[PDB]
Amino acid sequence: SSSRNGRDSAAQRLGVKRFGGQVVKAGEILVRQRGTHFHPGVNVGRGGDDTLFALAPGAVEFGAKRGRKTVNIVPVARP
Amino acid sequence: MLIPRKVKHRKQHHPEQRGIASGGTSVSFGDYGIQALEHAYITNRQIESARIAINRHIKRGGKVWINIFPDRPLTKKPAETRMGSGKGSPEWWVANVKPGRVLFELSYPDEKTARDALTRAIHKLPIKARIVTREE
Amino acid sequence: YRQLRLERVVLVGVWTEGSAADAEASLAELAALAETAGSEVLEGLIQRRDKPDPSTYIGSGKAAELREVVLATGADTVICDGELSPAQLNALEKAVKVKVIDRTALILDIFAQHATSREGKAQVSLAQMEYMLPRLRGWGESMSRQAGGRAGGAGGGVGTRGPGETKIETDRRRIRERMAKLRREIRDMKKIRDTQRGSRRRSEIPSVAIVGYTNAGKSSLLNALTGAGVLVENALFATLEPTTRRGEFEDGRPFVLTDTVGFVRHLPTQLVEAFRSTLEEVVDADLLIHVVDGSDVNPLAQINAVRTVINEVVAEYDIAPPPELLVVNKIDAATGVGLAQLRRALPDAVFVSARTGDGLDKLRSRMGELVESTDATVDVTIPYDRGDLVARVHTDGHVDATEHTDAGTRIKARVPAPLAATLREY
Amino acid sequence: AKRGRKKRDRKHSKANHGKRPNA
RNA sequence: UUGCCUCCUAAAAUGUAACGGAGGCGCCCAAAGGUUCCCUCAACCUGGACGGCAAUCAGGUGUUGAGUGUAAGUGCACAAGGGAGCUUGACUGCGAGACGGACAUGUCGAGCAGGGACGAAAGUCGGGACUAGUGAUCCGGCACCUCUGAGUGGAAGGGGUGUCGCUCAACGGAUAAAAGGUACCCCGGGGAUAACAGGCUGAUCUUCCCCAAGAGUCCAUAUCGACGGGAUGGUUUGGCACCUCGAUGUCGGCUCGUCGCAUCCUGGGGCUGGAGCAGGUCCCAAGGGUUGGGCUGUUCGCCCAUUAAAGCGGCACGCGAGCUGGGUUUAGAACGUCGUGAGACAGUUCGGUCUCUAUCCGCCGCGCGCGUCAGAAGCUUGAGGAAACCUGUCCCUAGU
RNA sequence: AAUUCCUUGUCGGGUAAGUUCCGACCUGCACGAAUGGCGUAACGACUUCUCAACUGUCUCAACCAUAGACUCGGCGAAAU
RNA sequence: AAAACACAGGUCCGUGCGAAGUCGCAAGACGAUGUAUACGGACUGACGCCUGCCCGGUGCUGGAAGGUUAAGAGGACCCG
RNA sequence: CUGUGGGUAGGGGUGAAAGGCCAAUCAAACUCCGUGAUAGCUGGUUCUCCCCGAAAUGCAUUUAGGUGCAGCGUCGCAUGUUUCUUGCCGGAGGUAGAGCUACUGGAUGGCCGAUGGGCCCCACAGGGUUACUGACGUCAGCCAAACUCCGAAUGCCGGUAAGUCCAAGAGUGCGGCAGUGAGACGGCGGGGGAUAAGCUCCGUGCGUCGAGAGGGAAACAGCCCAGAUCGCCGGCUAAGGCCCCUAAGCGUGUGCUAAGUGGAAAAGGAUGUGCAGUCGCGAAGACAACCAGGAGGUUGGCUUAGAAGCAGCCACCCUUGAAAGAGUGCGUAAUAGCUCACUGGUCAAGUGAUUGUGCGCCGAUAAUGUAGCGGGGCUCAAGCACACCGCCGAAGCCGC
RNA sequence: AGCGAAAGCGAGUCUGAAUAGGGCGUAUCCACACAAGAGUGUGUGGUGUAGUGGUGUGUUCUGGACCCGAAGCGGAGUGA
RNA sequence: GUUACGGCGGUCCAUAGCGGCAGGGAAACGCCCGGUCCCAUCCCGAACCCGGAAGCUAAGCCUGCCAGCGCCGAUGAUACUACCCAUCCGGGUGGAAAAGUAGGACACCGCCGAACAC
Ligand SMILES: CC[C@H]1OC(=O)[C@H](C)[C@@H](O[C@H]2C[C@@](C)(OC)[C@@H](O)[C@H](C)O2)[C@H](C)[C@@H](O[C@@H]2O[C@H](C)C[C@H](N(C)C)[C@H]2O)[C@](C)(O)C[C@@H](C)C(=O)[C@H](C)[C@@H](O)[C@]1(C)O
Ligand SMILES: Nc1nc2c(ncn2[C@@H]2O[C@H](COP(=O)(O)OP(=O)(O)CP(=O)(O)O)[C@@H](O)[C@H]2O)c(=O)[nH]1
């Protein structure tokens with residue numbers, strides 16, 4: 001016989017790249033996703049391909065605003 | 001006989017034969033029931049055989065419920081073939097039975113005849129099963 | 001069990017010998033076999049050719065003509081009678097690219113569908129082997145479909161290996177030994193019969209066997225006569241094993257009645273092993289009964305069809321024209337009037353009509369008075385004071401009242417041979 | 001199948017603890 | 001089948017194979033992009049004209065159930081879905097800090113001149129809801145450039161910037177340019193990889209069983225037993241590819257065997273649907289026996305004439321350093337078929353080298369040596385083995 | 001059929017018993033007219049069947065002699 | 001060792017004669033000291049009855065008017 | 001046919017064509033040279049010891065038994081704890097599980113039974129017995145890798161505190177040199193297969209072998225214990241053992257086991273344990289013996305070959321409760337013969353059925369030879385549980 | 001002495017109309033300030049940057065390239 | 001500082017929602033009367049936008065009470081599971097659901113500005 005299957009795209013290596021509590025520079029990619037599983041939060045921007053990145057530096061913080069998981073950057077005061 | 005009118009996926013992984021049944025583990029329709037005690041793929045062939053056994057024993061009268069439904073397809077690659085060249089096409093339909101699942105149920109006046117019919121079904125079945133009752 | 005998908009269908013009459021009417025009969029017969037396999041007839045065409053085409057069977061032009069209606073119908077059931085050689089099946093499959101039916105495989109797989117007993121299905125599997133072994137290495141879905149019979153030059157020069165025998169001969173030896181074992185497997189039902197073979201037969205239980213064309217009503221007659229519950233359905237081959245039951249007469253001697261598997265015409269001849277169950281019943285029977293339904297197809301062609309095989313088997317077997325009784329029963333509610341011509345062609349009309357009419361007294365007579373016989377006309381005169389002298393006569397044999405108006409008179413009864421030979425003892 | 005059956009079942013021993021190479 | 005995208009496999013990060021289960025893609029966009037501002041979709045009536053299941057715009061009702069340009073998902077009702085106004089953010093030119101990242105491809109673009117509107121102020125945009133819709137380098141095209149210009153002036157040519165040309169789709173792309181046969185074959189390798197045999201599995205096969213609906217004349221279990229279920233054996237076809245390709249000779253017959261019992265002839269049993277004579281069936285039993293021919297190489301199988309019967313299997317489908325070569329499987333040739341041919345056939349046919357002085361074990365016989373507590377000799381017991389074991393007709397008993 | 005898978009095609013001959021052989025039918029998977037079609041006397045270490053005779057081919061093997069084998073003396077290898 | 005090759009016989013094709021064909025770069029040679037009733041090539045294969053249809057594909061043999069069609073001194077124009 | 005002398009020579013000769021012959025070689029002779037051809041292939045590669053020590057994976061590949069780079073080794077430098085373990089804390093997830101009336105898909109019954117078919121009044125007016133499809137669905141209880149209202153455990157990312165820290169001989173970076181890129185089995189999670197394979201393909205800060213000796217599994221790379229620096233004729237132990245082979249223990253206590261179970265399996269049956277219930281039993285006589293009981297309309301009708309108690313056919317629902325059922329069992333033409341139940345006394349302790357509750361049982365099966373404890377042997381356990389004591393046991397640990 | 005593709009400029013240079021930022025360079029390190037906490041920069045001041053020839057060793061390049069081994073290919077000759 | 005106040009916001013955005021029973025407009029919020037004007041309908045002054053307070057708390061909004069639908073939801077137990085013991089069976093330690101049950105809940109908090117008070 002012959003199977004009509006056998007194909008698959010290259011895994012795109014999505015998911016969270018910085019988890020809550022990780023301190024990030026201004027511009028780091030916090031999440032990679034195809035929709036908005038996470039929505040951009042404070043000082044977090046959403047890119048063309050729905051990549052969540054840090055608009056400002058500081059620690060990643062996962063929260064929820066109006067029933068939508070959100071990625072926030074909380075500033076880290078310099079000690 | 002018992003065949004799904006349509007399955008979303010014709011070729012499925014073998015249902016996992018692990019754990020005790022979480023649902024359908026008690027008589028809920030009839031007076032008596034056949035409870036499984038071992039894991040098995042109860043094929044529709046076996047279900048038909050057991051159901052006919054019960055109905056013919058209990059003769060005229062009584063009611064028989066078949067709780068399980070053989071909705072899981074199991075494939076069989078064509079005879080005398082080498083490993084590979086894709087998955088075989090569905091060949092037989094089974095119901096993933098796990099221990100403690102009540103496969104059949106019976107409501108019949110005579111307890112003697114009911115137990116005999118259920119025992120005959122258990123004989124047609126491919127695993128250990130016991131005649132459980134509703135009365136706990 | 002080697003089934004096939006039919007649902008919709010269109011028929012064609014090959015008609016390579018005989019009359020258009022006979023070709024239509026054969027077409028409708030195979031369409032009924034198709035229904036038995038499960039289908040729904042739509043319409044049937046006819047053609048008129050000489051010896052089948054050695055390669056295409058139906059020819060290139062008719063193959064394309066039928067491919068046209070095939071592609072119009074969009075199903076795979078187009079029916080055409082006949083026995084197709086492996087080459088003919090190859091050519092037809094290449095032409096049509098779909099599944100066309102042949103009489104032999106249709107009969108064989110309907111036997112598979114209807115089989116319920118171990119012996120029956122073993123016989124049908126033997127027929128499968130007989131039919132398929134020729135369809136090996138050559139036919140459509142063959143073993144050597146450019147994929148089989150690979151093991152060729154395994155010995156260029158020589159070395160440390162080699163299977164030996166010819167590949168095709170070994171591959172055939174597989175099925176040859178399979179069917180050799182299956183033919184060895186032949187079970188003697190004579191051991192089941194012996195309860196009445198030597199005993200009874202000789203002990204007077206005569207043997208009436210109902211044989212006839214399929215759908216005719218053989219099992220229905222068995223049930224009506226013997227109060228049985230035998231399977232009754234319009235489908236072809238409703239009866240699989242030749243069952244039997246009891247049925248008595250005014251002259252007692254329970255006539256062990258036996259039904260059979262019906263005939264149609266030009267049977268495959270490979271499932272003669274399957275039919276041995278009924279062939280043996282005919283050969284060992286002392287009264288054959290043909291059953292003909294009231295409004296049955298054709299005036300008389302099914303009778304010739306059955307009688308062909310009857311004559312062949314019985315003449316090969318023994319010196320016998322076993323009593324045949326072509327009774328015309330089950331005629332009420334036949335919903336037809338053109339039956340006087342058949343009645344004059346053969347005088348009989350004894351309606352049981354699936355018990356609706358129940359006028360089988362004439363039958364119950366014929367069955368019986370044809371070939372019934374014992375040591376009738378024995379005058380067992382006895383004082384009637386001993387009690388022993390009346391023993392066993394009214395129990396084993398069967399009295400007929402006769403002069404026995406009282407006990408002190410001439411007492412006679414039709415008794416078995418063993419019971420009384422000189423036991424009158426005046 | 002006696003040979004394989006024995007070779008396999010001799011893993012059920014106190015020393016092997018129910019496991020052997022090649023079953 | 002080969003590249004790309006989506007899903008599940010994938011074992012809740014990422015990733016993860018199979019000739020695993022499913023599909024899509026080699027596009028569409030001048031609006032389906034940008035931006036401003038508005039709107040929500042399905043499903044039923046109080047009810048409707050031709051009007052129906054479905055049109056209407058019937059909102060009259062009804063809570064985010066449809067729709068996303070397109071596969072799949074992740075998303076989107078806050079809208080990313082539906083409408084309009086303007087417009088061309090593919091900021092094109094320059095580019096943040098950052099990040100996704102075997103080596104060869106992606107996300108924000110915060111800032112800059114110059115824009116787009118809507119507007120009104122604030123405001124947002126580097127084609128698209130997002131991930132596919134593509135092809136390195138080399139070679140050359142074509143435009144522009146304040147670059148070089150083989151003595152100088154230009155020029156040719158080159159360079160830069162921007163772009164273009166590959167179903168290079170075998171999609172990391174041997175060449176710009178390429179199909180077959182080999183049985184006439186050859187060499188380098190491989191038990192990394194098939195054919196025989198061994199091994200594992202036991203689907204298939206083979207022997208049985210388990211319940212007993214039925215068949216057996218009334219009478220599941222005399223004989224059988226479907227629908228289903230459970231295993232044995234490892235003699236079939238297979239699956240795997242584990243030793244062997246610095247060679248394990250391959251069928252059939254012959255010779256010689258040896259073993260198992262799943263017994264083709266003794267024992268009783270029962271049951272017998274055993275009256276008798278004969279049968280069937282299982283139980284026990286492997287002592288011995290179990291053929292001669294015709295057809296075919298033939299294993300088998302059919303047949304012939306017999307017999308108590310002409311048993312089934314294992315032993316490398318036992319046995320070619322024991323034999324034969326009938327077929328199979330080199331080279332010659334012909335036929336049929338396929339091939340525009342060399343050739344091929346999983347078809348037919350005729351013809352076609354069967355090597356080896358036995359070292360070791362093994363086995364059949366035979367010696368020599370030494371033992372058996374002095375050296376000899378006759379006769380010996382028998383631990384232990386080896387051999388053999390077959391059975392048929394006719395008479396009476398009794399025509400009981 | 002040196003050609004036919006179905007195929008041991010069907011029928012008749014020949015045998016006691018004929019997957020072989022001969023003659024026909026021929027529904028030629030897949031004969032065919034100068035890679036010639038069909039016949040053909042003669043010819044053939046060709047292939048294939050039949051019969052007579054003949055016989056150790058065989059039933060079923062026995063015996064005899066030579067050459068080895070075996071023993072003795074001399075010379076004296078080999079593959080592995 | 002044959003059923004294969006050859007064979008005598010056939011048919012087709014080529015060849016006007018230091019022929020065609022072949023060996024040679026060439027000269028030359030063979031063909032042949034021959035002459036189309038001869039040579040070479042192809043196929044078939046005594047002999048007998050015959051070799052039926054087809055020139056569509058591909059070769060070969062002729063050429064029907066066109067169109068396509070390199071190599072040149074046809075050299076406008078254009079460019080340094 | 002043959003002698004002698006000649007001619008034709010290698011991509012060539014010769015060939016009544018076999019790819020034949022051309023100096024024992026011919027599908028392109030031979031010799032020399034190019035030349036030490038080239039071979040991703042096979043083989044071989046020679047002294048020692050000290051330290052460390054892999055890989056059999058990813059990607060790509062005219063690639064798949066090769067190679068590049070990465071991964072992993074080593075040696076130098078540089079950083080120095082950044083590594084790793086454990087606790088805590090911040091995280092995202094959609095697996096196991098579960099649920100599905102939370103979606104997308106497969107299922108018991110009443111409800112409307114709406115859209116409908118016959119009956120329907122036969123009218124198309126109008127309405128119901130409406131066993132019928134009985135829908136969307138209403139309401140009651142069940143499955144999915146490509147279902148999710150949910151949802152762990154681990155794992156992973158990050159932070160923090162410690163631990164390890166005369167070391168893991170850690171992590172990272174850059175260099176010199178690599179080898180590896182054929183993996184195997186075992187446990188767990190999975191795909192393909194028949195949820196076979198000692199099968200195949202994956203995952204696994206999983207292990208071991210590979211590359212690992214030593215002890216135990218009998219023998220036995222991958223299983224268990226345990227990682228060999230050397231020497232001891234010392235000791236304690238691990239796994240495993242402890243009757244003799246073979247070193248303690250034919251250990252102690254309480255039980256079970258009757259088959260050699262132990263020392264192979266899917267099973268029908270209960271007669272071994274203990275259970276725990278349960279009718280009647282009490283020595284207010286229970287299961288039992290001896291135990292008069294044998295024609296009530298008793299051939300009861302059914303019906304008739306008799307249908308006698310009795311082929312059969314549902315019945316006989318009754319009493320001085322005497323102990324007898326219009327009588328189920330063997331019969332038997334049919335009666336008859338002789339009894340099942342219960343009884344009437346002696347009745348001289350228990351008597352049956354039950355989930356078998358759970359232990360431990362018994363029914364089973366290849367071919368050289370016991371043969372499925374390693375052997376002898378073991379049930380007077382040397383078998384099996386539960387306890388409890390010792391030791392024997394390695395290259396382990398300790399001692400020197 | 002680098003940057004760039006050069007007119008080239010030069011501790012700068014290339015890109016860019018755009019002193020807009022980046023690329024690559026200015027050994028390295030230390031102090032001072034100015035700044036910004038976007039991951040540190042800017043200048044200023046200090047010490048002054050280290051190659052290159054032999055040669056050992058390990059890899060490597062071109063050669064036979066650690067050694068052995070084809071079938072075969074070519075040139076020229078030898079053989080009827 | 002008090003309100004059956006209006007807005008702007010927060011909640012790991014329903015414990016908040018939906019539905020029901022009753023209540024008020026003081027300033028406000030609204031409905032509401034018109035389209036002359038800015039502005040607007042792919043038609044409509046319905047909406048948007050513009051002027052007024054004629055009328056009304058009937059609606060919207062808000063207050064209290066209903067646990068009816070939805071929402072949350074334990075604790076136990078179980079499933080599952082990391083590691084470990086275990087010769088197939090299982091078990092231990094640590095974590096621990098989903099469902100269901102008890103129940104909770106008819107929201108809570110911050111800022112302004114309103115009317116009155118001060
Ligand atoms: C007389 C003298 C020759 O004898 C034979 O001809 C026998 C009769 C051959 O067998 C015959 C065998 C035969 C006849 O059988 C089919 C056929 O194969 C050919 C013709 O040779 C031999 C032994 C062949 O071997 C066999 O080779 C086979 C390929 C496989 C087999 N084994 C490895 C599996 C192996 O032994 C083989 C290769 O010639 C052996 C090689 C060493 C030789 O060439 C040697 C020199 C032989 O010529 C010889 C022994 O001297
Ligand atoms: N109307 C009618 N139908 C009849 C009559 N006889 C037979 N049939 C039909 O035949 C069917 C039964 O066939 P059957 O009696 O088995 O015939 P059969 O001879 O046994 C053929 P088979 O052996 O293959 O079953 C019934 O369905 C019945 O309708 C008749 O007299 N009248």
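Residues numbered from 1 in each chain as written, not as in the entry; some residues may be left out. Chains lettered and ligands numbered in written order. Part of a larger assembly, values for the part shown. Heavy atoms only, no water. Residues with missing side-chain atoms left out of burial classes, pairs and counts.

Looking at the method and resolution fields of the entry, one finds cryo-EM and 2.8 Å.

J.: It is not clear to me how the protein's contact with RNA strand F should be interpreted in this structure. Could you clarify?
T.: Residues and elements named next belong to chain C. Contacts to RNA strand F come from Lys-51, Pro-52, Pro-54, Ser-55, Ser-85, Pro-86, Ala-87, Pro-134 and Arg-137. Each atom of RNA strand F within 4 Å of the protein belongs either to a base or to sugar and phosphate, the latter forming 90%. The contact in question runs from a sugar or linking oxygen of RNA strand F to an N or O atom on the side chain of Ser-55, over 2.7 Å. The class makeup of the residues in the surface near RNA strand F is 5 nonpolar, 2 polar and 2 charged. (Near = heavy atom within 4 Å. Polar contact = N/O pair within 3.5 Å; in protein donor to acceptor, adjacent residues only side chain to side chain. Nonpolar A, V, L, I, M, F, W, Y, C, P; charged D, E, K, R; others polar.)

J.: Help me understand the site of ligand 1 in this model?
T.: In the neighbourhood of ligand 1, the contacting residues comprise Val-158, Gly-159 and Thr-160 of chain C. Considered on its own, ligand 1 offers 850 Å² of accessible surface; in the complex 14% of this is hidden by protein. (Areas by Shrake-Rupley, 256 points an atom, 1.4 Å probe, with all protein chains shown as cover.)

J.: Looking at this structure, how should I read the pattern of salt bridges?
T.: For side chains of opposite charge, pairing can occur when their charged atoms come near one another. Residue and element names in this part refer to chain B. On inspection of all chains with the given rule, the structure shows 29 salt bridges over all chains. One salt bridge connects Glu-111 with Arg-115, and the closest N-O pair in it is separated by 2.5 Å. Of this pair, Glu-111 and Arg-115 both sit in helix α2 (residues 111–124), 4 residues apart, which is roughly one turn of the helix. The class for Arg-115 is partly exposed, based on a relative accessible area of 29%. Measuring nitrogen to oxygen at the nearest pair gives 2.5 Å for the salt bridge that ties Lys-112 to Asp-116. One end of the pair, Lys-112, and the other, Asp-116, are both in helix α2, 4 residues apart, so they sit about a helical turn from each other. (Salt bridge = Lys/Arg side-chain N within 4 Å of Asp/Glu carboxyl O. Helix = DSSP H or I, 4+ residues; strand = E, 2+ residues; numbered from the N terminus. Buried < 20%, exposed > 50% of the residue type's maximum accessible area, 1.4 Å probe, protein only.)

J.: Hey, could you run me through the pairing of strand β8 (residues 69–74) of chain A in this one?
T.: Consecutive residues of a regular strand have side chains that alternate between opposite faces of the sheet. All names here are of chain A. The sheet contact formed by strand β4 (residues 39–40) and β8 spans 2 bridges and is parallel. By the bridge assignment, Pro-40 is partnered in β8 with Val-71. Pairing of strand β7 (residues 58–64) with β8 involves 6 bridges; the strand directions are antiparallel. Along β8, the bridge assignment pairs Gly-63 with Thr-70. (Pairing = 2+ DSSP bridges.)

J.: For this particular structure, what's the right way to read the packing of aromatic side chains?
T.: Both the distance between ring centres and the angle between the ring planes are used here to describe each pair of aromatic rings. Taken as a whole and assessed by the stated rule, the structure comprises 6 aromatic pairs over all chains. Ring geometry for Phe-29 of chain B versus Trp-65 of chain B: centroids 6.2 Å apart, planes at 25°, classification stacked. Pair noted here: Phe-29 of chain B is in the segment before β1 (32–36) and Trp-65 of chain B is in strand β3 (residues 63–66), with a separation of 36 residues, a long-range link. Overall, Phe-29 of chain B belongs to the partly exposed group, its relative accessible area being 46%. Judged by relative accessible area, which is 18%, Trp-65 of chain B ranks as buried. An angle of 45° between the planes, with centres 5.4 Å apart, marks the rings of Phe-263 of chain C and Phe-275 of chain C as tilted. On the criterion of sequence distance, the pair formed by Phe-263 of chain C in the loop between β8 (256–258) and α9 (272–283) and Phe-275 of chain C in helix α9 is long-range, its members being 12 residues apart. Among the residues examined, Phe-263 of chain C registers a relative accessible area of 3% and is labelled buried. (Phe/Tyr/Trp six-rings, centres within 6.5 Å; stacked < 30°, edge-to-face > 60°.)

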